[PDB]
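Asks: The amino acid sequence is not available; the structure is as follows:
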Ligand SMILES: Nc1ncnc2c1ncn2[C@@H]1O[C@H](COP(=O)(O)OP(=O)(O)O)[C@@H](O)[C@H]1O
Ligand SMILES: Nc1ncnc2c1ncn2[C@@H]1O[C@H](COP(=O)(O)OP(=O)(O)O)[C@@H](O)[C@H]1O
Ligand SMILES: [Mg+2]
Ligand SMILES: [Mg+2]
C-alpha cells in the first residue's frame, strides 16, 4: 500500500520534525542517561510529552538503554555536553535523537505493511562528502522505541528506497514557495535563503532561467562552517566569567537560558549582560554580511527576495536586514523551513 | 576511407558549428576555469549538454585543465572578460573554444582511420594577412578532449590536407544559394552579403559574369573593423552608469542580457534604457549605410538582392533595410550562414 511520510531535521541546535499529517515536533538536541521517573509523576502530570521525553530504545540484540532526551535532558546536570558535541552523523547521540523524532511522529495504529518514507538532510557542503554515511546508517537503522510513562512503542527499521536525502535549505525555497513565488520570479533573477543555524550558517541561492524554472548555483552558495548561533553562546560564556571575576561558570541550562534574554538570575541577583548580547549579535550579523558578499560580487544587485530562515534568523532579522534592506523578508515558520521543505519536496516521490 | 566533415566558425561573439550530418551547435565564446560539478548535478539534471559544458582538455604532454566554457562560463563571475578579449587566433582561449566545437560535433563511434575535414574561417581582410597563423596552429593542434558528467572523450589531432580555409561570408552566398539564385542572377549584376558580426561587420559582394558565374570584387568589398554589435554593448554600458549616477556597473552576464531586451532588473527594480537601445541601433545602422556607400558609388543601383546575415542582422533587419528597401532580404539561418556556407562549399573537396 501507500508508504507514510515523515520529514526530520538533524540540526545540532534542536531537532525539527514534521509528518505527512502536519503534526510537528521540536526539542533541543540533548540526551542524557534516563532513570526511573515515578515520584515526579505523582507531583505534576506529564501533559505535554515533548517536555518530558523519557524513553527506552531497543536494538537488534534487544539491549535497551533508558534515555532522558530533549527538554528533560536539559534539566539534567549530567547530560550531553552539547557545546563540544560530536560532529559525526553516525554517532549514538544522533542515533537516539533520530529515534525520538521518529517516535513522536508515527501516529497510532498505522498498518505495518505501510512503511514510511523519511526525508532527512545534510549540510550543503557536506551533502556530497558525507552522503554515504547517513545513507548506510539509515540502512543500518533497526531499533524499537519505548515511551516510558505513556506506554506506546513503535517499531523503527528502514530498508532502502524509503530513505531520501536532500541538502539543508534546498527544498525550503525549491518547494514551499514554488506555488507562491510564481508572481515574484521573473527571469535571470536570484532568490536567496540564509539559514542561521546553530553551528553552521547556510547560504543557498537559485537562478531563475529563461523557462522560469529554478536552477542551482554552487559557486554562488556555500555553508559557513564555524559561523552561526554557537558563536554567541561561546562568547557570552566568556563574557559571564569576565563579569563574574570569580571563576564561576554557567552550566548548559543557564547558558542556553542566557542568550534568549541576556539576564541570568545568578546568586540571588540578576547578572546583566544585555550590552554584550546586542554587541555580539551585530558581530555575528557582520560575519554574515561580509561572507555573503564573498560569494556575491555585483551579483547582489540581481536579487529579488532574500529569504532568511533557521532559529537564529528569527532573533537576528532586524540586524541581518542590512544585507539588502526592504527587499529581504522572513520565512513563515523560521524553524520548520527545512522541515516543510523536506515534506513537500519529499512528496514528489 | 572517406573523411568526415565539420564546419566551425571562430566568431568572437558566439562559436557556430555544424557537421556533415547537419547537427549544429551554438554557444557564446566565453571560457572560465572549470571546477568540480557534483552538488549541482543532484539538483537539476544536465538535459542539454550545450548549456552546461564542463570539459577537460589534454595535450601532447597530457597536462589537462578543466574549463567552464560557453553558456556555463557566462554564469561564472571569474570568466574571460570578453569585451577586451585577445584578438590573436592562436590564443589558448581560441584553442579551448576550437576543441569544444569539435567535441560536440564528432558523433559516437566514428572509425578512427576516417579523419575529419574541418572548414574554418578568417575575416575577409585578414584571410591573406593572418592565413599562416591558423594554417600552422591547426597543424600544431593535438589534444584529447574529455566531457565531464557525460563520460565521452574525443581524440582531436589534424594533419595537413584535412584543414581548409575560406573567408568569412564567402561560401554563404557562393554556395548555399548557388542552386537557388539561378533564377535571380542574370548578367552583370551584383549580389551583396552584409554579415553584422560582433566585433567586425563583413561586406562582401560578387559579380555575375557573362557566363552567369559569380566572381569576386575585392575593391567593392571589405570588412568593417571596429563596427559591429560590440559598439552597442560598449555604448549601453556607458548608458547604464550614466543613468545610475552611482558608479555601479553591470557584469558580463547583465550586459549581454541588456541589449537583447533593454530592461535589466537592477536592485529590486527595472532600470529602463529602452530609448537608448533603439537610438544606438540606428546609430550602428547608420554606420553600415554610410560605409556600404563608401565602397559602392553608383554601383549600388546594379544590385539585385542584398542579403544580410550574422546574429546582428536578425536584430537590425528593419533598421538595416534602408540601404536598399524592398530589394534586400534576410538569409534563412542568420547565425549559421557562415556555418552552412563552410559546409557545402567545403563539400567541394
Ligand atoms: N526564541 C529564541 N531566542 C533565542 N534564540 C533562539 C530562539 N529560538 C531559536 N533560537 C536559536 O536558534 C537555534 C536553532 O536553530 P535551528 O533552526 O534549529 O538550526 P539547526 O538546524 O542548526 O539546529 C538555537 O540554538 C537557538 O540559539
Ligand atoms: N536574439 C538576439 N538578441 C540580441 N542580440 C543577438 C541575438 N542573437 C544574436 N545577437 C547578437 O549577435 C551577435 C552574434 O553574432 P555572430 O553571427 O555570432 O557573429 P560573429 O561571427 O562575429 O560572432 C551576438 O554578440 C549578439 O549580440
Ligand atoms: Mg538548520
Ligand atoms: Mg561572423
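Replies: Noted; the coordinates are in hand. Numbers count the residues shown, from 1 in each chain, chains lettered A, B, ... in the order given. Ligands and ions are numbered 1, 2, ... in the order given.
Asks: Do I have it right that residue A:113 meets residue A:4?
Replies: No - taking C-beta atoms under 8 Å as the definition, residue A:113 is not a contact partner of residue A:4, at 11.1 Å. The C-beta positions use only the backbone N, C-alpha and C, and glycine is treated the same way.
Asks: So if I had to pick from the two, which one is more boxed in?
Replies: residue A:4 (19 against 7; other C-beta atoms under 10 Å in any protein chain shown).
Asks: For that one, give me its contacts.
Replies: Contacts for residue A:4 (C-beta atoms under 8 Å, 6 or more residues apart in numbering or on different chains) come out as A:19, A:20, A:106, A:110, A:114, A:115, A:116, A:117.
Asks: Quick one: residues contacting the residue of the stretch 101-250 of chain A found nearest ligand 3.
Replies: Closest residue of the stretch 101-250 of chain A to ligand 3, C-beta to the ion: residue A:197 (4.0 Å). Neighbouring residues of residue A:197 by C-beta under 8 Å, 6+ apart: A:11, A:12, A:13, A:168, A:228, A:229, A:310, A:311, A:312.
Asks: Just say helix, strand or coil for the residue lying closest to residue A:168 once chain neighbours are set aside.
Replies: Nearest residue to residue A:168, sequence neighbours excluded (C-beta to C-beta, 6 or more residues apart in numbering or on different chains): residue A:121, at 4.6 Å. When classified by DSSP: H, G, I helix; E, B strand; the rest coil, residue A:121 comes out as strand.
Asks: one step back: how near is the residue of the stretch 101-250 of chain A closest to ligand 3 to ligand 1?
Replies: Counting by C-beta to the nearest ligand atom, to the nearest Å, the gap from residue A:197 to ligand 1 is 3 Å.
Asks: State whether residue A:314 is indeed within a strand.
Replies: No - applying three-state DSSP, one finds residue A:314 to be helix, outside a strand.
Asks: I'd say it and residue A:332 touch.
Replies: No - judged on C-beta under 8 Å, residue A:314 makes no contact with residue A:332 at a distance of 11.3 Å.
Asks: Secondary structure element holding residue A:191?
Replies: strand A:190-196 (DSSP states H and E).
Asks: scratch that, residue A:283 is what I was asking about
Replies: Per DSSP H and E: helix A:274-295 holds residue A:283.
Asks: Might you report the residue contacts of the residue of chain A found nearest chain B?
Replies: At 4.0 Å from chain B, residue A:216 is the closest residue in chain A, using C-beta to the nearest C-beta. Applying C-beta under 8 Å, 6+ apart to residue A:216 gives the contacts A:205, A:206, A:207, B:39, B:40, B:43, B:44.
Asks: ok so, going back, show only the entries of the contacts of residue A:4 found in strands.
Replies: A:19, A:116, A:117 (DSSP state E).
Asks: Between those, identify the one with the most neighbours.
Replies: Of the ones in strands among the contacts of residue A:4, with other C-beta under 10 Å as the count, residue A:19 tops at 22 neighbours.
Asks: Wait, it touches residue A:105, no?
Replies: Yes - using C-beta under 8 Å, residue A:19 is in contact with residue A:105, at 4.3 Å.
Asks: Any idea how many residues pack against residue A:271?
Replies: By the criterion of other C-beta under 10 Å, residue A:271 has 16 neighbours.
Asks: host element of the closest residue to it other than its chain neighbours?
Replies: Among residues not flanking residue A:271 along the chain, residue A:264 sits closest, at 5.6 Å (C-beta to C-beta, 6+ apart). Following DSSP H and E, the helix or strand that holds residue A:264 is strand A:263-265.
Asks: Can you give me the neighbour number for the residue nearest to residue A:271?
Replies: 19.
Asks: can you check residue A:335 too?
Replies: That count, for residue A:335 with other C-beta under 10 Å as the rule, works out to 20.
Asks: Quick check, it in contact with residue A:14.
Replies: Yes - look at residue A:335 against residue A:14 with C-beta under 8 Å: they come within range, at 7.5 Å.
Asks: possible to save the contacts of residue A:197 as a markdown table with distance to residue A:101 and neighbour count?
Replies: Converted to a markdown table, the contacts of residue A:197 look like this (distance: C-beta to C-beta, whole Å; neighbours: other C-beta atoms under 10 Å in any protein chain shown):
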| residue | distance to residue A:101 | neighbour count |
| --- | --- | --- |
| A:11 | 11 | 24 |
| A:12 | 14 | 20 |
| A:13 | 14 | 21 |
| A:168 | 16 | 29 |
| A:228 | 21 | 26 |
| A:229 | 20 | 24 |
| A:310 | 18 | 30 |
| A:311 | 16 | 21 |
| A:312 | 20 | 26 |
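Asks: Just the ones of the residues you listed in helices?
Replies: A:311, A:312 (DSSP state H).
Asks: which two of the contacts of residue A:197 lie the greatest distance from each other?
Replies: Maximum pairwise distance in those, criterion C-beta to C-beta, is 14.7 Å, between A:168 and A:229.
Asks: and the residue of the stretch 51-200 of chain A found nearest ligand 4, how many residues sit next to it?
Replies: In the stretch 51-200 of chain A, the residue that lies nearest ligand 4 is residue A:188 (25.7 Å; C-beta to the ion). Residue A:188 has 16 neighbours, counted by other C-beta under 10 Å.
Asks: Over to it. Which of the three states is it?
Replies: Under three-state DSSP, residue A:188 comes out as coil.
Asks: which residues touch it?
Replies: Counted by C-beta under 8 Å, 6+ apart, residue A:188 has contacts A:207, A:208, A:209, A:210, A:302, B:253, B:257, B:265.
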